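In what follows, a structure is listed as structure tokens, so that the remarks can point back to it.
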Amino acid sequence: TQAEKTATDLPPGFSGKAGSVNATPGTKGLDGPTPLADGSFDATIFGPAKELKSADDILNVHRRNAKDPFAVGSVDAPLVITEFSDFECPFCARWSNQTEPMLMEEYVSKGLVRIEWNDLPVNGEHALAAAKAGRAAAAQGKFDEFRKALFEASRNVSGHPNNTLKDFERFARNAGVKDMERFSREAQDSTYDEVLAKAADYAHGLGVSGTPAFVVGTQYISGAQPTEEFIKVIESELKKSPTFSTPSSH
């Protein structure tokens with residue numbers, strides 16, 4: 001027949017990008033995290049939106065907190081990816097270097113997906129120090145840039161980079177962190193000790209057993225799986241839940 005047909009539903013295995021093409025992008029929180037009173041950002045943010053008591057509560061892991069400097073993408077994006085990660089972990093590096101850029105260009109920059117970082121140090125003293133440096137960067141609104149710079153420096157490393165203070169200071173400089181006195185102080189002192197302990201306890205309480213780990217909407221993914229697998233799950237979740245509406249009672 002001499003017509004172009006409107007797309008109709010297909011089995012999910014062959015649905016391609018039907019999910020994202022029919023989803024409604026978020027329009028709020030496009031200018032990054034909301035600042036604190038003094039202009040800096042709340043780098044003590046961690047944890048879920050609300051306690052999880054059963055599998056029914058899986059969406060509670062997604063904060064959708066507009067003040068969150070550990071998040072990228074619209075606060076009302078129809079899909080959130082919650083990530084648990086370690087800055088010394090080569091699988092975390094691989095996901096950051098090889099999967100996340102595609103997700104950023106295809107989904108996050110289009111308002112469809114929000115990605116929220118959660119600390120889960122599994123690799124000991126260098127991982128803890130890196131997480132502290134990450135929070136120091138987030139306090140100055142440069143977490144994503146710090147994350148990207150650190151992991152790019154690990155793009156050819158199959159083991160742990162064993163980054164130390166001068167490495168973190170370099171990543172911070174490259175990320176455009178403006179107050180290096182504050183960064184170097186907070187990256188080393190007790191400022192974030194408590195929140196990092198609590199963040200680890202939270203992740204362990206979920207039973208997250210290794211890094212990276214993801215909650216993609218309602219779906220759990222363990223490890224740096226192929227990029228194509230992340231895309232399939234993203235599309236499936238967007239097909240299922242194309243829109244998000246912030247509750248009026250919040």
Side-chain angles (χ1 to χ4, degrees), residues 6-34 41 45-85 95-96 98-118 138 143-144 147-148 206 208 212-250:
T6 306
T8 48
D9 293 332
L10 286 154
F14 299 101
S15 185
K17 292 182 76 180
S20 57
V21 302
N22 295 121
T24 296
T27 61
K28 297 177 180 184
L30 303 187
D31 294 324
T34 281
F41 303 90
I45 285 169
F46 76 105
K50 189 182 191 184
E51 183 176 51
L52 286 80
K53 294 301 266 63
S54 78
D56 292 339
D57 295 335
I58 185 59
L59 290 177
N60 289 2
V61 300
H62 310 306
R63 289 184 292 270
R64 300 185 177 272
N65 182 338
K67 300 172 98 78
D68 189 353
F70 302 101
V72 284
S74 173
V75 74
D76 61 340
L79 176 65
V80 185
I81 297 177
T82 280
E83 149 187 35
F84 294 89
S85 190
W95 190 87
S96 178
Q98 297 183 42
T99 298
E100 189 157 24
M102 154 126 292
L103 298 186
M104 291 291 310
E105 67 171 358
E106 288 286 283
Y107 300 107
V108 180
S109 63
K110 300 194 174 171
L112 295 172
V113 169
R114 174 182 184 82
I115 305 179
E116 301 184 349
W117 174 281
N118 294 260
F143 182 78
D144 190 52
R147 181 273 305 169
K148 181 156 53 174
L206 290 175
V208 180
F214 304 91
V215 177
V216 176
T218 63
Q219 305 267 294
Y220 193 70
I221 302 177
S222 176
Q225 291 299 122
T227 297
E228 297 69 28
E229 182 178 334
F230 283 90
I231 294 172
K232 290 189 88 76
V233 175
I234 289 175
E235 289 291 334
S236 172
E237 292 293 299
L238 285 168
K239 185 90 174 186
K240 173 188 312 187
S241 304
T243 64
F244 178 77
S245 178
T246 300
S248 187
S249 318
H250 286 38

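All values below come from the heavy atoms of this structure, side chains included, with hydrogens, waters and symmetry mates left out. We're numbering straight along the sequence, starting at 1.
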Practice task
Show your reasoning for whether side-chain contact (heavy atoms from CB on, under 4.5 Å) applies to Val113 and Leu103.
Solution key: CA-CA 8 Å; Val113 169; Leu103 298 186; over 6 Å; no
Practice task
Under the salt bridge (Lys or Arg N to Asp or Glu O under 4.0 Å) rule, what do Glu83 and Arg147 come out as? Steps first, then yes or no, please.
Solution key: CA-CA 13 Å; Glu83 149 187 35; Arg147 181 273 305 169; over 6 Å; no
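Among pairs with a residue in residues 105-117, those fulfilling side-chain hydrogen bond (donor to acceptor under 3.5 Å, both in side chains) read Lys17-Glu106, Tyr107-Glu235, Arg114-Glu116, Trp117-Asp119, at least two apart in sequence or across chains. For residues 62-78, the side-chain hydrogen bond (donor to acceptor under 3.5 Å, both in side chains) pairs, not counting sequence neighbours, are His62-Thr82, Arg63-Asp68, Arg63-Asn118, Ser74-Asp76. For residues 241-250, the set of pairs meeting the salt bridge (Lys or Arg N to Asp or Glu O under 4.0 Å) definition, not counting sequence neighbours, is empty. Sorted by first and then second residue, the salt bridge (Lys or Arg N to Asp or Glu O under 4.0 Å) pairs with a member in residues 219-229 form an empty list; sequence neighbours excluded.
Considering only heavy atoms from C-beta on, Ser20 stays 4.5 Å or farther from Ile234 through its side chain. Annotation: side chain of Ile81 is not in contact with side chain of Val108 (no heavy-atom distance under 4.5 Å).
When the side chain to side chain contact (heavy atoms under 4.5 Å, CB included) test is applied to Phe41, the partners found at least two apart in sequence or on another chain are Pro33, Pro35, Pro69. Under the rule for a side chain to side chain donor-acceptor pair (under 3.5 Å), the partners of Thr99 that lie at least two apart in sequence or sit in another chain are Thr227. Remark: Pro25 pairs with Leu112 by the side chain to side chain contact (heavy atoms under 4.5 Å, CB included) rule, at least two apart or across chains. Applying the side chain to side chain contact (heavy atoms under 4.5 Å, CB included) rule to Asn60 yields the partners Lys50, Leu52, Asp57; only residues at least two apart in sequence or on another chain are considered. Legend: residues meeting ring pair (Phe, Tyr, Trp, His ring centres under 6.0 Å) with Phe84, ordered by chain and number and at least two apart, are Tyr202.
Here the closest heavy-atom approach between residue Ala224 and residue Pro212 is recorded as N-CG, 3.7 Å. Listed here is the closest heavy atom pair of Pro78 and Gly26: CD-N, 3.9 Å.
Below 30°, between 30° and 60°, or above 60°: for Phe230 and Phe214 the angle between ring planes is above 60°, a perpendicular geometry.
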List the atom pairs, donor and acceptor, that lie under 3.5 Å between side-chain atoms in residues 239-250 and the rest of the protein, sequence neighbours left out.
from: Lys239; atom 1: NZ; to: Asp9; atom 2: OD1; distance (Å): 3.0
from: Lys240; atom 1: NZ; to: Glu237; atom 2: OE2; distance (Å): 2.9

